[PDB]
Participant: 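Structure below; questions to follow.
Chain identifiers are assigned alphabetically (A, B, ...) following the order of the sequence lines, protein sequences preceding nucleic acid strands; residue numbering begins at 1 within each chain. Below, each value reflects all heavy atoms present in this structure, side chains not excepted, and no hydrogens, waters or symmetry copies.
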Amino acid sequence: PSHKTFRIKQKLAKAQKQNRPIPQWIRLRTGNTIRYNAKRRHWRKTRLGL
Amino acid sequence: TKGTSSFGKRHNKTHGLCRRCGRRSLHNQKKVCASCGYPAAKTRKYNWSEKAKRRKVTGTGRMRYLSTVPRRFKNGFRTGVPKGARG
Amino acid sequence: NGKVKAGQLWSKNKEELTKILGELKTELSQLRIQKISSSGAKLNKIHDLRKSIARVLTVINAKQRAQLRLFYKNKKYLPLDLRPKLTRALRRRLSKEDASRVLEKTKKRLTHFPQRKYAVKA
Amino acid sequence: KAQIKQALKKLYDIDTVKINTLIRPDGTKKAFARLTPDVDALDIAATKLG
RNA sequence: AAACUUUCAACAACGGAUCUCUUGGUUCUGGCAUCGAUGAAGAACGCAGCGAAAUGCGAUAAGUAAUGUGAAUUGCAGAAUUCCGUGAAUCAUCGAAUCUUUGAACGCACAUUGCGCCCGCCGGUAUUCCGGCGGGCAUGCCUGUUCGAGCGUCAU
RNA sequence: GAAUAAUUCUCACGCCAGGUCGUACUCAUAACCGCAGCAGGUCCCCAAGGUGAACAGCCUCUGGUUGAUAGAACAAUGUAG
RNA sequence: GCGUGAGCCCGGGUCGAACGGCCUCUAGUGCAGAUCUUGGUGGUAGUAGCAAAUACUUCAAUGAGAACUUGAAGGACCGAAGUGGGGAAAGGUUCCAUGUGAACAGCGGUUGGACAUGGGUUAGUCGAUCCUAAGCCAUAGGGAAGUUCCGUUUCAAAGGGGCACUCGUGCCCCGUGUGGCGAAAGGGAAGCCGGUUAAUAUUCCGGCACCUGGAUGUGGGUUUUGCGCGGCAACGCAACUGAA
RNA sequence: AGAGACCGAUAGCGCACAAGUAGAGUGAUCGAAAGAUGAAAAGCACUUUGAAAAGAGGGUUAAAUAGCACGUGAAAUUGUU
RNA sequence: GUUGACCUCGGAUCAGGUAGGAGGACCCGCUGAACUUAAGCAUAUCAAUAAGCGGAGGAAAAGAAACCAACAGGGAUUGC
Ligand SMILES: [K+]
Ligand SMILES: [K+]
Ligand SMILES: [K+]
Ligand SMILES: [K+]
Ligand SMILES: [K+]
Ligand SMILES: [K+]
Ligand SMILES: [K+]
Ligand SMILES: [K+]
Ligand SMILES: [K+]
Ligand SMILES: [K+]
Ligand SMILES: [K+]
Ligand SMILES: [K+]
Ligand SMILES: [K+]
Ligand SMILES: [K+]
Ligand SMILES: [K+]
Ligand SMILES: [K+]
Ligand SMILES: [K+]
Ligand SMILES: [K+]
Ligand SMILES: [K+]
Ligand SMILES: [K+]
Ligand SMILES: [K+]
Ligand SMILES: [K+]
Ligand SMILES: [K+]
Ligand SMILES: [K+]
Ligand SMILES: [K+]
Ligand SMILES: [K+]
Ligand SMILES: [K+]
Ligand SMILES: [K+]
Ligand SMILES: [K+]
Ligand SMILES: [K+]
Ligand SMILES: [K+]
Ligand SMILES: [K+]
Ligand SMILES: [Mg+2]
Ligand SMILES: [Mg+2]
Ligand SMILES: [Mg+2]
Ligand SMILES: [Mg+2]
Ligand SMILES: [Mg+2]
Ligand SMILES: [Mg+2]
Ligand SMILES: [Mg+2]
Ligand SMILES: [Mg+2]
Ligand SMILES: [Mg+2]
Ligand SMILES: [Mg+2]
Ligand SMILES: [Mg+2]
Ligand SMILES: [Mg+2]
Ligand SMILES: [Mg+2]
Ligand SMILES: [Mg+2]
Ligand SMILES: [Mg+2]
Ligand SMILES: [Mg+2]
Ligand SMILES: [Mg+2]
Ligand SMILES: [Mg+2]
Ligand SMILES: [Mg+2]
Ligand SMILES: [Mg+2]
Ligand SMILES: [Mg+2]
Ligand SMILES: [Mg+2]
Ligand SMILES: [Mg+2]
Ligand SMILES: [Mg+2]
Ligand SMILES: [Mg+2]
Ligand SMILES: [Mg+2]
Ligand SMILES: [Mg+2]
Ligand SMILES: [Mg+2]
Ligand SMILES: [Mg+2]
Ligand SMILES: [Mg+2]
Ligand SMILES: [Mg+2]
Ligand SMILES: [Mg+2]
Ligand SMILES: [Mg+2]
Ligand SMILES: [Mg+2]
Ligand SMILES: [Mg+2]
Ligand SMILES: [Mg+2]
Ligand SMILES: [Mg+2]
Ligand SMILES: [Mg+2]
Ligand SMILES: [Mg+2]
Ligand SMILES: [Mg+2]
Ligand SMILES: [Mg+2]
Ligand SMILES: [Mg+2]
Ligand SMILES: [Mg+2]
Ligand SMILES: [Mg+2]
Ligand SMILES: [Mg+2]
Ligand SMILES: [Mg+2]
Ligand SMILES: [Mg+2]
Ligand SMILES: [Mg+2]
Ligand SMILES: [Mg+2]
Ligand SMILES: [Mg+2]
Ligand SMILES: [Mg+2]
Ligand SMILES: [Mg+2]
Ligand SMILES: [Mg+2]
Ligand SMILES: [Mg+2]
Ligand SMILES: [Mg+2]
Ligand SMILES: [Mg+2]
Ligand SMILES: [Mg+2]
Ligand SMILES: [Mg+2]
Ligand SMILES: [Mg+2]
Ligand SMILES: [Zn+2]
């Protein structure tokens, strides 16, 4: 809702800054094993608990 | 009409975010956390669940202060600076 | 430049350190302000500037505490942050003077009958 | 807002008539500062700033 | 006679068995005794030249000082030292510091970034109003100090 | 509290200031809950013309849709009329 | 090829780092079944089906490709207890622009609430913040081995107001009573019109107002015997002392 | 800190990996799957067909019967001959 | 009458201190089951155990006889 408290507002900001893919240069380092982002979230798939 | 029809009326919250442990377990009307027992002085813990004890025991966090005690013990809790250092 | 070295900082009083801190601060802000709309060799200057600020703050702080410890020498009560920090349990222990006291009666016995050095022949 | 007004005066030596603020969806704060009418904002943005 | 169904082989598919490997577990033996109101264990939010996580750190924020070593870091880039002396490095060691909001959590509260009081400095005509900055104000109990209450009670 | 000035005159005009947090968008035959883009469920405000007793049914204006896999044929047995 | 048999040995192909015979020792040591456990795969089978909510047609453009993309022109439905215009709970970027291979939209797709890169939420007047309700919890006290249970004004020595300060220190009055949380629909100080953006507006721009708190000077009013006049009256007038 | 007549990725701790993680539940709590290119990326320059994904040539390597759907590559089940 | 003691009970953001929480494998106490066995079942057993509550340390606890014995007498506590 438009009515929000500051604590909930702070949480929503962090949840969308953690929702971007990995940069390209990470995949070219020596001894790398990360392929994609395994913690991607979508508003239509998984519900975050507040 | 129990079931699909009745599930549509769920738009309230029994629990909110606890100020001490961070889980969504604070009861809104009782004002008591169902996980850590806030606002009691002690933390909720029972011996009939070993899984629950290990999820929050010492060492599962940052150890901001306690992780530097072994090094200070080994050198004898000394104070000062090494000999003719500058400063 | 924008890269100060701790070697020369130790031989100055507080007036120089404060004004050096001010000059370093204004320069860092300006480079941040004009950081946008361009990019180049000034990118690493900001890193040198904020590390230089940390060095000056460290030297100012250390010179202050040394003076305070000299002031409270030969005083009964010191501020809490200048008291030694060993451990809560180690701070409650009986002092060596008190833990090694004995009664008058037990002292007179040790004067005249202590443990001796002896041997037994075969 | 009282702190924003004093900082701009101290830093760049500018004067304002009013200030509005908001908090962005990413968690950062943005401020609108209106100058006194006898000073040109376009001139200040070139001499100071960039 | 073809097509269709069925059986075997070669090659090609589907699937991940088998063989070899292992910076991981499991069990035994030996050494040591060190959390916290000087704010712990745990939680939240931030910090990189280019980062989402993991690891590290706290507005001095992918770290500062000090000591040792002696030439790197590296996916890209730039730059620094290049061992003179003023010294590379996500190096080793670690005795000096910084350490946001919380939490036994302590001005009163908190489903609020809510509302107060005391002391000082600086501005606005100001002891009283407004703004900025610094330092403070929980409970139980002990020893001492000082101000008191009671025909409980002594002397004059 | 006055006899030359006094007036704590609720009259007119004039000077200064008003901090902190929310504010986008949906509110449902696709943005909520039912494992889902499910014929189910979920609290309110505004309310045109005609017929007519009328917020009944039926037709129209402002505003809004033309979205629900399609093409061809017309046997049995069905569901609906 | 050997062995009654469980099995053993050799040839051909593939492949890339370790392995066997004999005598003793040792064991988590031999599978077709347990509606057995985990994983993988068939026939059925290109089968059942993809049929509520009245409905689409022509030309042009884009594009490798158009029934479900855009323009214009026809034909229709919702029919103000709407398929319209705004909100509360709940969600959390789904909002706007530019672009796009796969996957998703149970047919297609150049389109998208999907995918990538950027942008967007402006208040002394709208809310919260203030008050109390049903209720919840501190303090005095009493239980309970204890985690804790009761108790809310009680069998309590429970407060607040003024004046100078040489300068805080010092004086003087009153006293029956003495905490907090709890409503975005209850109570409550104050803002309207016009314009503006791709996306905000009673918040931005222009004009015209209002409320609270704090300092304060002019004009006017009252008083020469001290704190205003008028009306029978209901009452009127710009003011027109007032502590416990 | 040192070891073993222990286990060798369906075994050994639930976890050899960004594991008490992702995910489920109002909540107390429940809780996985997932290791191996090559000595060295030398991770395929150029030409040609295609709207593109890609194919055919041509290259690297001891080996592409090692091409990131990557050591070896069994059975169920499937295609061609 | 004045003034000065004593006793008991209070105030203060008076000077200086101290406790709470975490951990709990091992240690010192309190409180306290049933499944099960008895081929049924109530005393019994499981067990002076699991779960619940309070308090410590590198160890804790115990400890220098109101003890054992019946001997020609031993001689604080703990463990095999
Ligand atoms: K194996
Ligand atoms: K972190
Ligand atoms: K309040
Ligand atoms: K708005
Ligand atoms: K709106
Ligand atoms: K709503
Ligand atoms: K009508
Ligand atoms: K009608
Ligand atoms: K028919
Ligand atoms: K028919
Ligand atoms: K062979
Ligand atoms: K088909
Ligand atoms: K239909
Ligand atoms: K319709
Ligand atoms: K306001
Ligand atoms: K104003
Ligand atoms: K608020
Ligand atoms: K307020
Ligand atoms: K009440
Ligand atoms: K009690
Ligand atoms: K209200
Ligand atoms: K805007
Ligand atoms: K006058
Ligand atoms: K008058
Ligand atoms: K497992
Ligand atoms: K959950
Ligand atoms: K070879
Ligand atoms: K080849
Ligand atoms: K191979
Ligand atoms: K006293
Ligand atoms: K153990
Ligand atoms: K227990
Ligand atoms: Mg309820
Ligand atoms: Mg010095
Ligand atoms: Mg605001
Ligand atoms: Mg802390
Ligand atoms: Mg800070
Ligand atoms: Mg302060
Ligand atoms: Mg105290
Ligand atoms: Mg809108
Ligand atoms: Mg609606
Ligand atoms: Mg629906
Ligand atoms: Mg849903
Ligand atoms: Mg009529
Ligand atoms: Mg059809
Ligand atoms: Mg019929
Ligand atoms: Mg090999
Ligand atoms: Mg077996
Ligand atoms: Mg089998
Ligand atoms: Mg059998
Ligand atoms: Mg069919
Ligand atoms: Mg359908
Ligand atoms: Mg059907
Ligand atoms: Mg259509
Ligand atoms: Mg109709
Ligand atoms: Mg109609
Ligand atoms: Mg859109
Ligand atoms: Mg588009
Ligand atoms: Mg489809
Ligand atoms: Mg398609
Ligand atoms: Mg498409
Ligand atoms: Mg998206
Ligand atoms: Mg209002
Ligand atoms: Mg209570
Ligand atoms: Mg009590
Ligand atoms: Mg309230
Ligand atoms: Mg109201
Ligand atoms: Mg005023
Ligand atoms: Mg009166
Ligand atoms: Mg081992
Ligand atoms: Mg596996
Ligand atoms: Mg495993
Ligand atoms: Mg493999
Ligand atoms: Mg090729
Ligand atoms: Mg080979
Ligand atoms: Mg495969
Ligand atoms: Mg292979
Ligand atoms: Mg086969
Ligand atoms: Mg004190
Ligand atoms: Mg404790
Ligand atoms: Mg049993
Ligand atoms: Mg029995
Ligand atoms: Mg039996
Ligand atoms: Mg029985
Ligand atoms: Mg127990
Ligand atoms: Mg200890
Ligand atoms: Mg010992
Ligand atoms: Mg002892
Ligand atoms: Mg004795
Ligand atoms: Mg004897
Ligand atoms: Mg003995
Ligand atoms: Zn909690």
Participant: OG1/A:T46 to CZ/A:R41 distance, rounded to the nearest 0.5 angstrom?
Facilitator: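 Spacing of OG1 (A:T46) from CZ (A:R41) equals 6.5 Å.
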
Participant: With both distances required to be under 3.5 Å, indicate if E:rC19 and H:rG71 make a Watson-Crick or G-U pair.
Facilitator: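 Verdict: paired bases.
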
Participant: My understanding is that only residues two or more places apart in sequence, or in another chain, count here; which of them pass side-chain contact (heavy atoms from CB on, under 4.5 Å) with C:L94?
Facilitator: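 By the side-chain contact (heavy atoms from CB on, under 4.5 Å) rule, C:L94 matches C:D98, C:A99.
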
Participant: If you measure from the P atom in E:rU67 to the same atom in E:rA88, how many Å do you get, rounded?
Facilitator: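 Taking atom P in both E:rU67 and E:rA88, they lie 14 Å apart.
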
Participant: Major or minor groove for B:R20? Base it on side-chain heavy atoms under 5.0 Å from the groove-edge atoms, please.
Facilitator: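 The minor groove, within 5.0 Å of base atoms there.
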
Participant: Please check the phosphate of G:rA128 (OP1 and OP2 only) for any side-chain N or O of A:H3 closer than 4.0 Å.
Facilitator: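 Negative; the distance criterion is not met.
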
Participant: Between the protein and nucleotides 29-32 of chain F, which nitrogen or oxygen pairs come in under 3.5 angstrom?
Facilitator:
unit_1	atom_1	unit_2	atom_2	d
F:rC32	OP1	A:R47	NH2	3.4

Participant: Using atom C1' in both nucleotides, what's the gap between G:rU178 and G:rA156 to the nearest angstrom?
Facilitator: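 These two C1' atoms come out 10 Å apart once rounded.
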
Participant: Sticking with atom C1', work out how far G:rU241 lies from G:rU222, rounded to a whole angstrom.
Facilitator: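 Straight-line distance between the two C1' atoms is 11 Å.
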
Participant: Do B:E50 and B:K53 sit within salt-bridge range, that is, some charged N less than 4.0 Å from a carboxylate O?
Facilitator: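 Yes, charged N to carboxylate O under 4.0 Å.
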
Participant: What I want to check is whether G:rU38 forms a Watson-Crick or wobble pair with G:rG219, both distances being under 3.5 Å.
Facilitator: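 Not paired: G:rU38 with G:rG219 fails the WC/G-U check at 3.5 Å.
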
Participant: Please classify G:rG113 as syn or anti, treating any glycosidic angle within 90° of 0 as syn.
Facilitator: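 Classified syn.
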
Participant: Please tell me whether G:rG217 and F:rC13 form a Watson-Crick or G-U wobble pair, using a cut-off of 3.5 Å on both distances.
Facilitator: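 Here the two bases pair.
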
Participant: With the threshold set at 4.0 Å, does a side-chain nitrogen-carboxylate oxygen contact exist between C:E23 and C:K19?
Facilitator: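 Salt bridge between C:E23 and C:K19, a charged N being under 4.0 Å from a carboxylate O: yes.
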
Participant: By a strict heavy-atom criterion of less than 4.0 Å, which residues belonging to residues 3-35 of chain D are in contact with RNA chain G?
Facilitator: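 RNA chain G contact set from residues 3-35 of chain D: D:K18, D:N20, D:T21, D:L22, D:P25, D:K30, D:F32, D:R34.
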
Participant: Using a cut-off of 3.5 Å for both contacts, decide if G:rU125 and E:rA37 are a Watson-Crick or G-U pair.
Facilitator: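 No, G:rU125 does not pair with E:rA37, since the Watson-Crick or G-U wobble distances are not both under 3.5 Å.
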
Participant: Decide, applying a 5.5 Å centre-distance limit and a 30° plane-angle limit (both strict), whether B:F7 stacks on F:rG34.
Facilitator: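 Stacking is absent between F:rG34 and B:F7, given that the ring centres and planes do not meet under 5.5 Å and under 30°.
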
Participant: Is A:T5 near enough to E:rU113 that one of its side-chain N or O atoms lies under 4.0 angstrom from OP1 or OP2?
Facilitator: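 Looking at the OP1 and OP2 atoms of E:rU113, one of them is under 4.0 Å from a side-chain N or O of A:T5.
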
Participant: Pick the P atom in G:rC136 and in G:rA183, then give their distance to the nearest Å.
Facilitator: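 G:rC136 and G:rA183 have their P atoms separated by 16 Å.
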
Participant: State whether B:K74 places a side-chain N or O below 4.0 Å from either non-bridging phosphate oxygen (OP1 or OP2) of E:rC32.
Facilitator: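 Negative; the distance criterion is not met.
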
Participant: From the options E:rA96, E:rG42, E:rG75, select the nucleotide whose nearest atom is closest to the side chain of B:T60.
Facilitator: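 Among E:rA96, E:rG42, E:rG75, the one nearest the side chain of B:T60 is E:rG42.
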
Participant: When the P atoms of E:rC119 and E:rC141 are compared, how many Å lie between them, rounded to an integer?
Facilitator: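 Taking atom P in both E:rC141 and E:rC119, they lie 30 Å apart.
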
Participant: Return no unless some side-chain N or O of B:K31 is found under 4.0 Å from OP1 or OP2 of G:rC136.
Facilitator: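 For G:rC136, neither OP1 nor OP2 has a side-chain N or O of B:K31 closer than 4.0 Å.
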
